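Student: so I pulled this structure from the PDB, and the sequence comes with it:
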Amino acid sequence: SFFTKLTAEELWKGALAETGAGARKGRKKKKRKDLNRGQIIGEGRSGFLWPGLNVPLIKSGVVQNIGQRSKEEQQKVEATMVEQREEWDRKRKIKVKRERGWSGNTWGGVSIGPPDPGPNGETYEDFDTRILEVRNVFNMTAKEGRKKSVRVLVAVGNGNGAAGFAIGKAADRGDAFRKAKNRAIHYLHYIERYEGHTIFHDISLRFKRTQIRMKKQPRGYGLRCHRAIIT
Amino acid sequence: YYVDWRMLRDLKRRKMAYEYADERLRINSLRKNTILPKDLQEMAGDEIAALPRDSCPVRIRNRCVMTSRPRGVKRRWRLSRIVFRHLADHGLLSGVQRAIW
Amino acid sequence: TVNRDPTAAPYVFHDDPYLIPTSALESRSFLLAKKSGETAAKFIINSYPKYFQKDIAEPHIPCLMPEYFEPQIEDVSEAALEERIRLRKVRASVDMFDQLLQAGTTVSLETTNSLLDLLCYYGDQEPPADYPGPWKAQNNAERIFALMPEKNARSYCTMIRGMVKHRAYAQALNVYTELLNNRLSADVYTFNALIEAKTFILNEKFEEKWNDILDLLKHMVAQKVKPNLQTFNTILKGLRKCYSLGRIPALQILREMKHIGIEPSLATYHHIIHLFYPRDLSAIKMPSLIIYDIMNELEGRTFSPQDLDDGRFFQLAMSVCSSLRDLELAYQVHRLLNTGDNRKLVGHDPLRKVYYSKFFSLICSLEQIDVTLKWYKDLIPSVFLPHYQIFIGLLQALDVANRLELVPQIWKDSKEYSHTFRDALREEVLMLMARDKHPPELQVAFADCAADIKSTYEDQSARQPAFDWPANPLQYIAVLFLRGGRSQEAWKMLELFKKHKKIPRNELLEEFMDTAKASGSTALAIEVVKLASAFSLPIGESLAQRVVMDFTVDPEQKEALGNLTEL
Amino acid sequence: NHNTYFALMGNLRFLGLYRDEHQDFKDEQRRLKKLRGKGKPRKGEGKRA
Amino acid sequence: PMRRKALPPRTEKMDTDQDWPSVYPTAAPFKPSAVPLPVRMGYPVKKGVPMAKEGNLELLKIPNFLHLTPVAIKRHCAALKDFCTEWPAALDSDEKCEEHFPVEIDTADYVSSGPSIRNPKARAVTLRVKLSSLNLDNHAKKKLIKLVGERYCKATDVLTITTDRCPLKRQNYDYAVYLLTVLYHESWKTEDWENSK
Amino acid sequence: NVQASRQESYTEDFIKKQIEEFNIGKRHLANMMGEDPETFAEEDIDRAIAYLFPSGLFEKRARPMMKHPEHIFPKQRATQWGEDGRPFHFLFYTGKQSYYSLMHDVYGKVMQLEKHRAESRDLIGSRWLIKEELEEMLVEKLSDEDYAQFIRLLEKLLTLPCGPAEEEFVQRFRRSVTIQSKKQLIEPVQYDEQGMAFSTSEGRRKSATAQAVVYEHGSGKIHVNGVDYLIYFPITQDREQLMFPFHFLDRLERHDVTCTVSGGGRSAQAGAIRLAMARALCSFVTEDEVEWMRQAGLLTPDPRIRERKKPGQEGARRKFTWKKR
Amino acid sequence: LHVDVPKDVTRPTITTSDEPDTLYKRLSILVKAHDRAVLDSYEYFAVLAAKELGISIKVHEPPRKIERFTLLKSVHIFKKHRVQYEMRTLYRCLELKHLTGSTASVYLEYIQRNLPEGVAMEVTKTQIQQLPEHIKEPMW
Amino acid sequence: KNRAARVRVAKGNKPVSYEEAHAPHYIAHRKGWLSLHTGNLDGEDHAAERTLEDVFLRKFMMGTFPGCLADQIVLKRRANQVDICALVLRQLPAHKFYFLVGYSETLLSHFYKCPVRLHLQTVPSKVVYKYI
RNA sequence: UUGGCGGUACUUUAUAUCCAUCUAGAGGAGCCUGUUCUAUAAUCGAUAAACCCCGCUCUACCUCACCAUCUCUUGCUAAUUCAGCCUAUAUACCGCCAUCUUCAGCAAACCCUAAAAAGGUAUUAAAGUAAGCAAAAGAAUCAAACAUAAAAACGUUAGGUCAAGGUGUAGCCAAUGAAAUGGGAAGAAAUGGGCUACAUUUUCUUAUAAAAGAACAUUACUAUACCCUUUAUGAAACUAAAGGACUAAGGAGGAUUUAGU
Ligand SMILES: [K+]
Ligand SMILES: [K+]
Ligand SMILES: [Mg+2]
Ligand SMILES: [Mg+2]
Ligand SMILES: [Mg+2]
Ligand SMILES: [Mg+2]
Ligand SMILES: [Mg+2]
Ligand SMILES: [Mg+2]
Ligand SMILES: [Mg+2]
Ligand SMILES: [Mg+2]
Ligand SMILES: [Mg+2]
Ligand SMILES: [Mg+2]
Ligand SMILES: [Mg+2]
Ligand SMILES: [Mg+2]
Ligand SMILES: [Mg+2]
Ligand SMILES: [Mg+2]
Ligand SMILES: [Mg+2]
Ligand SMILES: [Mg+2]
């Protein structure tokens, strides 16, 4: 019946099944598609031509009249649209370059860009941000049981002596990246470099239970340090 | 296409009752009285019985015109309670509002 | 009670800013799209009638039901032929008529005449229609006419009319001769076609030709047939060919029209005007005065459709007024158009825009600017969306009244009517604004207008790969910026003369120098010298010497200025 | 008349003057299902002989 | 092929001394581009003002009276005066009307929205006459009152005949007049069985 | 991840244009309604908009409005610092510059009164402004603790010797309590064709409504709906309810009442008459007596009416039996 | 229009017949609507129109009617939980007096053609006529 | 919890129109009725037939102007005249709207045997009452 | 560390509510109705609070989805190797709700911590801030208030509903589809809710609920059961009402439990 037909928004809402108990139960998956994407108003399977809707209203000074395409002409148009569908579908398939950090499946050592502009258009394009750890911590709650947050440790620096770090926590990873990235720009140390390429002297220290033993080295020695220290 | 095969059977019952309305009226009148001989009344009792069963107007059921629901219908709109609430709760019925008092 | 809304588009067009027709081309295109959508619905209704058959309207509305044009009577009988004739199918009716003759079944003479009417009127061709013609010697119409056993006056008359309609003048006249030989009598409609035939045919001698047409009129009285309006209108329409010799005959006809009791219609005067005021009239020195008498005769009268040339009258009358440069007469003609419902006879799409365009142009030329602006607001856009030349006439009128303060406003109006990118219009606006000096406030307003007209050139340049900045607009836009507190912008525009390789004019160059002296900026003064050197203008050297005396030049400036002087 | 509405709107959809989001949705589910090999069998050739 | 640009609203060109009846000659929907008023409608959000006219569905949902303004109604009624006819001056009171026109015929019309103009209630007609206006002898009035039963009201002395049995209103109207004529003539007739009361 | 429309703060040029469009709106609305623009007022505007845009929405905030921009647009708090960035007020960095600027003044006043050194009830029947009113005066938001402290400081000022300057100051924060006149509205005294005085009043109990017509002089003859009161009211308790008004004022056998009660039952009709007689008898008693009636319950309408039944419940309050488990 | 104005606007032809005109002693117009404000605006338009044509009019508000019904809120079970709906009808009665049949047709057309959407009219004309000529004289 | 015609809260990024924002209990209080006919007034007939026409007329306009509707349409019945007032986005060219108006009017006048008119107010984009 | 829990103390608590107080009930009899059980060739769903006069504001045929028998095979539509499916999964969903609940929170952007898994209040103030949703306000019950309704976020119960309709996946396509006719039974059974009675503040009659005259324990009170007649609806009485007699049990109900400010 024509009266039991529902709109596209309501059809995809049910079919996708995003809302529901499945989402909280961790449940490739079906992909929403727009069916009006390539459809032109006035174009039908029968191939009629409607002046002023899907064809020119006047052609070479002649007022057009209603017409229909031949079976051969319509078959071409139908096949042409089928091709245009394949072209659009292929676009989604493409996967493009990114750079891995310390490992392919880890965020550690991945550049996420500069911090956001400041209050008075203070750009930080000369600063780069690097991820040092991404953790999925959990807090038990009565409402949700186990609730998950993303704790991200990032570092920032301009490669010219100024650097800082911060931790950002959120429920979404993208938000934790923004929080840490813009927080770290507020904790910028200035580090003294001997001739711009090394530390001024050997440095040994213990921070809590971590021990670090740095050594001053000549030019061309390169960075021979923990991957995080290299970052 | 109608909503379902049940609405289709109901539609045919409604169109066969309209065809047999005068006939079932004239014959049934001969039975609903005490003025005519009982022999005629006993015979009219069978002429009305012989008519097709779907001519009988008590086999019609009022169903929601849009969902074909047999019960829960409101006769002024011919819609089920579920369909009526969807149109009413969206401001699409002219003058229907929620009752607060 | 209600009158036309002066600030609204015609009622046909949708009342939305996005859907209001900006130009005259969109006006016709928008209506054709509306008519096209109406035809798309009527096609679906007439092709799937089973879905448009339930009738829920009390009283019943016949005009909202599906139409059926194909015969539904299958049996081959005189009645079935009558149906096809009523439906106006020409080929199918001929087949069933021949089949009736093949069987030999009787066919009524009246029914046989209804077939000839359809064939004669449509000239053997199926009625024109839209969905997914000379007379032919061997055709169904003439063949059926011969097969007819019994002939009557109507039968011959139908042939005479159909032949004349389909340009068979010579044959039609021959058919009339037979009607006289049979001693039958023709009707008024047939006499009108015969007169239309003699006129269309080219006769060597006018005097013979006129005496022939009169002979048809004399036989109209012998046969006790009284003439109608069309009869006289047809004769006058024929007389428009002989402008010189048709004047005395034409007046006599109109006098005879009143004596008979036929009332001259707007069409009847449309022909007398054409005959007395030729469009290609070399003798404009002393035109005729008849137009004044006609308007006096028709003053205050109301007219109704009674001919097919009634619409033509109003468009022609205004044209004669514009030729005579009489604005009082134009008001009388327009005043006649407003009486009663005469507005309905202004004309169709081709003639409606000519009448008002001719009318408004005459107002601007010969009317006070104060009144001219009243007419401007009333007619536009409600009546007609004018072409750009109308605005050039309005702008020129403002210049002649010394009211150039309104030129910026006219520009804003023009943009709504799709003249934003019109080169001719943009050049007129800038030219008048920058033709002479003005008080500071007016110059500032003109400068804002000049900036707006500059944006049109700029946006057009960006969109189009190949764009040329016309030289005169560049001078006008630059001068206006200097005069209106936009000198900084004018210095940037100085570079555009070199980018587009346009030769700066001597006046503009010295104007830039005058402003520089007041500013006291030697650097800016030297900038003018740079451009003069580029185009090798002779005055450039004199201008460089002028800078030397106007400003104190630093030693660095002396070297830089000397280089440019050498260049 | 449910037959008039369902038929009339179907005819309009084939003329390009009406768009049925529901039908276009179903037309693509059938297209995809046929590719997967779950399409409707032909009559008389069902799984049971 | 850039997108089309909408023109500025035509309210900008409207003078404050315009002929508004011409702007809205007949009932039309609210057009924000034709109504030169800064009207706002909508329950405002916190720290917000009511919504503006452009794109306002609530203003569109209103049956506006812009076409009916005090200036229009007076200009309309001035034209409609030629249609009207003058009530006879002599009939200055209701009692005066009962004297010369004792019969009251009630007919009802119904106006609704829909494709059908048909209403079942429009056929009914009601005749009301006072027995005092009728020329009735002492015998006749008693016979008229017994026959009509509850149609007669002693308090008001009014006979009410309501006829809806016939399909059309012209038939029901003629039937009620017929019912009165038969009752009147029958009331005057005296039957022999009446002597046994 | 905040992506919602920001506050569309209204600049002075914005509100200035909104006032020019409103001024042009009035001239058009006046021309539509055929009135004179010069005299057209806010009251006429509201009436015109209600005619031209009939809306029957119950909430009147949601109805069409063509009001002055000042009334609709909230007053924008002005910038608190200049171009150099220096705040205009010395208490800007407190976060409540206006609350603390006011508390600074009142504390300085208190100190001078205490250093420098009669009945304090200069104003009576007044209240301290509520927090919402104070917030408007300060053009800022306060907490409940901020209001409580402000009042305590103002009270201390009143305790101390106060010159006329202080009395004017504390006046600003005292709002005249519009104590309602909880007193009877005495009815007029009409006169009949005979010339006797009589008063009339209506009464409503439950669904019953009565219209009594007490007469100044009578022998105690009460007629209800043209019937006697012993006949109409066969129950003693209903007659006692009619006795209560007169017995209270010791006016038995001195008035003649004519009642007309329609609706309700026997008890609801006696109660409606009791109120109708009490309100009519007010015109024939002293003002001290009228207060005696009002304070004994004779002049108060009874608001107790039957409560609607609830869906899913046996009655107004009765519930369905909670089924055994 | 500032300068361009119609000259002699065409007006409909009204021809006086020789038939006598109907005489309506009363003419009650009961308008109904869900909205009170629409009735107020229509009442003003109708009363103004009557006063401009010379008709005598009175207006009152018959008591409003509210029709309420209950439905089941859930799609399945949960009987005790319901939802209630109501339809409100409001009335304005325009009682006209002493109208000829020509005045009542022009007035009713003018006000019926301007009847807002959602508004229903119930005209109740009360004609007054003489007695039937047969009834006038008793005939045996 | 009540789920009827309530556009639920998200994270402040969901634009909602005035019609969508208000739940059913605000009908006749803050928002009016989209259709106005006389068929639900007391002592009036043909409510069922007016209601069925509304359902169809709304589905017809959605398909005939696909993606071009800014808000729900408003249906106004006066006498036998039907008036459709639709807020439409300015996506389509101007001439296409003239075609669809002529088509949709003629088609619906021959389907319901009444005079049907289409009134289109074009908006630059959907009007957002609040972000919820 | 956070949550949860504790037959761990401490303080404050529910407002027809945990106990207590008050009134009428339920639990006993008779019936009406749901459910389970038993059972039938013969649906489905709900089935602790939050099912049990529930989906049904409603089943003699129809409704109907069930069982038995016979029959149809392009089998509603403009077209379609297509139509149709009350076929499985509510643990894929939309839609529309229940429950906590008239509970007071929820989520977004920030800021702070000798590091942060998380936490963030003190008013004579000690690191928290400023917007959104809910509550509040407002509107409705046509003066006023109060009250009652309505409203009530995020979540909890993979809560309810593939049988309102729609729909993802899987399945049937001479059958899991379509249609006709006839059936869908009952109970020494348990249980939930209702109705009526058990009487004297009662029974019958006139009245109008005031008053009066009779009745008043073996059938006096007391059968909406069974049975017997008549009427209403219908084609069909198997239904409902009204009379008639027949009349059995019941004598205020064990623990226990429901509702009412
Ligand atoms: K669900
Ligand atoms: K089957
Ligand atoms: Mg890898
Ligand atoms: Mg189905
Ligand atoms: Mg039934
Ligand atoms: Mg109770
Ligand atoms: Mg309790
Ligand atoms: Mg059955
Ligand atoms: Mg069956
Ligand atoms: Mg099945
Ligand atoms: Mg679930
Ligand atoms: Mg609850
Ligand atoms: Mg309130
Ligand atoms: Mg609330
Ligand atoms: Mg479950
Ligand atoms: Mg289940
Ligand atoms: Mg009693
Ligand atoms: Mg029977």
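Tutor: Sure, I can see it. Residues are numbered from 1 along each chain as shown, chains lettered A, B, ... in the order given. Ligands and ions are numbered 1, 2, ... in the order given.
Student: any idea how many residues pack against the residue in chain D that chain G sits nearest to?
Tutor: Per C-beta to the nearest C-beta, the residue of chain D with the smallest distance to chain G is residue D:22, at 21.2 Å. C-beta: built from backbone N, CA, C; applies to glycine. When neighbours are counted by other C-beta atoms under 10 Å in any protein chain shown, residue D:22 registers 18.
Student: check whether it sits in a helix, strand or coil.
Tutor: Three-state call for residue D:22 (DSSP: H, G, I helix; E, B strand; the rest coil): helix.
Student: spit out the contact partners of the closest residue to it other than its chain neighbours.
Tutor: Sequence neighbours aside, residue A:5 is the residue nearest to residue D:22 in space, at 4.0 Å (criterion: C-beta to C-beta, 6 or more residues apart in numbering or on different chains). Neighbour list for residue A:5: D:20, D:22, D:23, H:59 [criterion: C-beta atoms under 8 Å, 6 or more residues apart in numbering or on different chains].
Student: number of nearby residues for the third one?
Tutor: Other residues within reach of residue D:23, judged by other C-beta under 10 Å, total 15.
Student: my read: it touches residue D:13, true?
Tutor: Yes. Counting by C-beta atoms under 8 Å, residue D:23 does reach residue D:13; the two are 6.6 Å apart.
Student: only alpha carbons, please: show the longest helix along chain F as CSV.
Tutor: When chain F is parsed with DSSP state H, its longest helix is helix F:12-33. This file holds the C-alpha atoms of helix F:12-33, laid out as CSV (Å, rounded to 0.1, in the frame of the first residue of the first chain):
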residue,chain,number,x,y,z
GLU,F,12,24.2,49.3,19.3
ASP,F,13,24.0,49.6,15.5
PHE,F,14,22.0,46.4,15.4
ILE,F,15,19.4,47.6,18.0
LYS,F,16,19.5,51.0,16.3
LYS,F,17,18.4,49.5,13.0
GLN,F,18,15.8,47.4,14.8
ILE,F,19,14.3,50.7,16.1
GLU,F,20,14.2,52.2,12.6
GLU,F,21,12.5,49.2,11.2
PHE,F,22,10.0,49.3,14.1
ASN,F,23,9.4,53.0,13.5
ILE,F,24,8.7,52.3,9.8
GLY,F,25,6.5,49.3,10.9
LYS,F,26,4.3,51.6,13.0
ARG,F,27,3.6,53.9,10.0
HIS,F,28,2.6,50.9,7.9
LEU,F,29,0.5,49.3,10.6
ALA,F,30,-1.3,52.7,11.1
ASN,F,31,-1.9,53.0,7.3
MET,F,32,-3.4,49.5,7.3
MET,F,33,-5.7,50.1,10.2
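Student: and the residue of chain F that's closest to chain A?
Tutor: Closest point on chain F to chain A, by C-beta to the nearest C-beta, is residue F:1, at 5.7 Å.
Student: which SS class is that residue?
Tutor: coil.
Student: contact partners for it?
Tutor: Here residue F:1 is in contact with A:172, A:174, A:175, A:178, H:11 (C-beta under 8 Å, 6+ apart).
Student: can you tell me the SS state at the fourth one?
Tutor: What that stands for is residue A:178. Applying three-state DSSP: residue A:178 is helix.
Student: that one - how many residues pack around it?
Tutor: For residue A:178, using other C-beta under 10 Å, the count is 17.
Student: could you measure from it over to chain G?
Tutor: Remark: distance between residue A:178 and chain G (C-beta to the nearest C-beta, to the nearest Å) = 43 Å.
Student: tell me which residues of the longest strand belonging to chain G are tucked away?
Tutor: Within chain G, and with DSSP state E defining each element, the longest strand by residue count is strand G:82-100. Neighbour counts over strand G:82-100 (16 or more other C-beta atoms under 10 Å in any protein chain shown) mark G:83, G:85-94, G:96-100 as buried.
Student: may I have stretch C:536-550 as CSV, with CA atoms only?
Tutor: Written as CSV, here are the backbone C-alpha positions of stretch C:536-550 (Å, rounded to 0.1, in the frame of the first residue of the first chain):
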residue,chain,number,x,y,z
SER,C,536,55.2,57.3,-24.2
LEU,C,537,52.7,60.2,-23.8
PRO,C,538,54.3,63.5,-24.7
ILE,C,539,52.7,65.3,-21.8
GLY,C,540,54.6,63.0,-19.4
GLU,C,541,57.8,65.0,-19.7
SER,C,542,55.9,68.2,-19.0
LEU,C,543,54.2,66.5,-16.0
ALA,C,544,57.6,65.4,-14.7
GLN,C,545,58.9,69.0,-14.8
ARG,C,546,55.6,70.1,-13.1
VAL,C,547,56.4,67.7,-10.2
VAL,C,548,59.9,69.3,-9.9
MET,C,549,58.4,72.7,-9.1
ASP,C,550,55.4,71.5,-7.2
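Student: does the residue in chain B that chain E sits nearest to sit in a helix, a strand or a coil?
Tutor: Distances between chain B and chain E by C-beta to the nearest C-beta are smallest at residue B:91, namely 8.9 Å. Assigned with three-state DSSP, residue B:91 falls in the coil class.
Student: number of nearby residues for it?
Tutor: By other C-beta under 10 Å, 23 other residues sit near residue B:91.
Student: same check, this time on residue C:188
Tutor: 13.
Student: shouldn't it be in contact with residue C:223?
Tutor: No. Judged on C-beta under 8 Å, residue C:188 makes no contact with residue C:223 at a distance of 10.3 Å.
Student: contacting residues for the residue of chain G most remote from its centre?
Tutor: Distance from the C-alpha centroid of chain G peaks at residue G:77, with 46.6 Å (C-alpha atoms, centre = their mean). Taking C-beta under 8 Å, 6+ apart, we find residue G:77 in contact with no residue.
Student: just give the closest residue to the residue nearest to the spatial centre of chain H, not the sequence neighbours.
Tutor: For chain H, the residue sitting closest to the mean C-alpha position, by C-alpha atoms, centre = their mean, is residue H:73 at 1.4 Å. Leaving aside its chain neighbours, residue H:73 sits nearest to residue H:86 (4.4 Å; criterion: C-beta to C-beta, 6+ apart).
Student: also residue C:210?
Tutor: residue C:249 (6.9 Å).
Student: how about residue F:204?
Tutor: Nearest-residue entry for residue F:204: residue F:272, 5.8 Å, with adjacent residues in sequence omitted and distances by C-beta to C-beta, 6+ apart.
Student: tell me which element that neighbour is part of?
Tutor: Secondary-structure assignment from DSSP states H and E places residue F:272 in helix F:266-280.
Student: isn't residue B:27 up against residue B:47?
Tutor: Yes. Between residue B:27 and residue B:47 there is a contact under C-beta under 8 Å: 5.2 Å.
Student: between those two, which has more neighbouring residues?
Tutor: More crowded of residue B:27 and residue B:47, by other C-beta under 10 Å: residue B:27, with 19 against 15.
Student: dump the strand or helix carrying residue E:187 to PDB, keeping only the CA atoms.
Tutor: Assigned by DSSP H and E, residue E:187 belongs to helix E:169-188. C-alpha atoms of helix E:169-188 as PDB (Å, rounded to 0.1, in the frame of the first residue of the first chain):
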ATOM      1  CA  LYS E 169     -36.100  21.700   1.400                       C
ATOM      2  CA  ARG E 170     -38.600  23.000  -1.200                       C
ATOM      3  CA  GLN E 171     -40.600  19.800  -0.700                       C
ATOM      4  CA  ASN E 172     -40.500  19.900   3.100                       C
ATOM      5  CA  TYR E 173     -41.400  23.600   3.000                       C
ATOM      6  CA  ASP E 174     -44.500  23.000   0.800                       C
ATOM      7  CA  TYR E 175     -45.500  20.000   3.000                       C
ATOM      8  CA  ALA E 176     -45.500  22.100   6.200                       C
ATOM      9  CA  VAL E 177     -47.800  24.600   4.500                       C
ATOM     10  CA  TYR E 178     -50.000  21.700   3.400                       C
ATOM     11  CA  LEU E 179     -50.100  20.300   6.900                       C
ATOM     12  CA  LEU E 180     -51.400  23.600   8.200                       C
ATOM     13  CA  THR E 181     -54.100  23.900   5.600                       C
ATOM     14  CA  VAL E 182     -55.500  20.500   6.200                       C
ATOM     15  CA  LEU E 183     -55.500  21.000  10.000                       C
ATOM     16  CA  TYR E 184     -57.200  24.300   9.700                       C
ATOM     17  CA  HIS E 185     -59.900  23.000   7.300                       C
ATOM     18  CA  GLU E 186     -60.400  19.800   9.300                       C
ATOM     19  CA  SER E 187     -60.700  21.800  12.500                       C
ATOM     20  CA  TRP E 188     -63.700  23.700  11.200                       C
END
